[PDB]
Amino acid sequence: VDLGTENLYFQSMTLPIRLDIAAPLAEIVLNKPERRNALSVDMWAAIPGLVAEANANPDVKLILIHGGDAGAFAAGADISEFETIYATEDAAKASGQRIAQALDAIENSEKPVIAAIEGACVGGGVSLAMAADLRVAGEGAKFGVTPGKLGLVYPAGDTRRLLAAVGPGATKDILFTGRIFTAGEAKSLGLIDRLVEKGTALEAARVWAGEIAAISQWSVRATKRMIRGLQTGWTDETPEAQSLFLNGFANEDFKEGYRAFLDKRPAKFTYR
């Protein structure tokens, strides 16, 4: 209730990353335009909380990740932090854990996440995008994964996701060369899911998110769980898997769906 101080307001506005609620969407907005959204420790550390906020808010159905009005999604890592975070082995290990946690938080979001990409999406930028469920990019976006250019190695999680999306050959091409490639190529590789006109990615993501928001959220969330399960060893016989299917018939959205199909009208689903 208490209105702020001027400074408090500025601190929340100049967060290098933030959450905008516009029901039924929530938008994780990268917000360090001075550095073309280069990913810093402050940002990585904030992500798991932002994702939680969004999943906790019943008015939100879908999460978007985008680069705001910075004309870039994420231009790799903040080199100004390199001295600090790579000074010691311990600092380095911590940086890794912190990043892995952010990506895992996104990947395992109960509610689905769509990445909307314009301009530069390199290094951790690709990692973020890959952690999202869906990716849409505007023509002119540039993609690259560059640890080989530093003498590093792309982590297991990041590598697993990339592999799942584009396969072994393309994953190696990307990682062995560290090359920057175009959105059109990314599209044919299967690295992104939809390719749109330059500057329209965010609008495209929003309408797409609208399509998803209109169907049963019970189903959407369950489908996502089922897919993650299967990707990590579930089988047809696995109990969580069988029972996940069976709650399909028990939830509030299901009766409305049956009825809607019989009446030939769009479903007005209630589960939130």
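For every residue, the number given is its place in the sequence shown, counted from 1.
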With respect to the recorded C-alpha B factors, which stretch has the higher mean value, 76-84 or 95-103? 76-84
Out of 237-245 and 218-226, which stretch has the higher average CA B-factor listed in the record? 237-245
By its CA B factor, does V41 count among the lowest, middle or highest third of the modelled residues in the chain? highest
Which third of the chain holds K32 when residues are ordered by C-alpha B factor: lowest, middle or highest? highest
Divide the modelled residues of the chain into thirds by Cα B-factor and specify which third, lowest, middle or highest, holds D173. lowest
Name the third of the chain's ranked CA B-factors that contains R206, choosing lowest, middle or highest. middle
Would you mind ranking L150 by its C-alpha B-factor against the rest of the chain and naming the third, lowest, middle or highest? highest
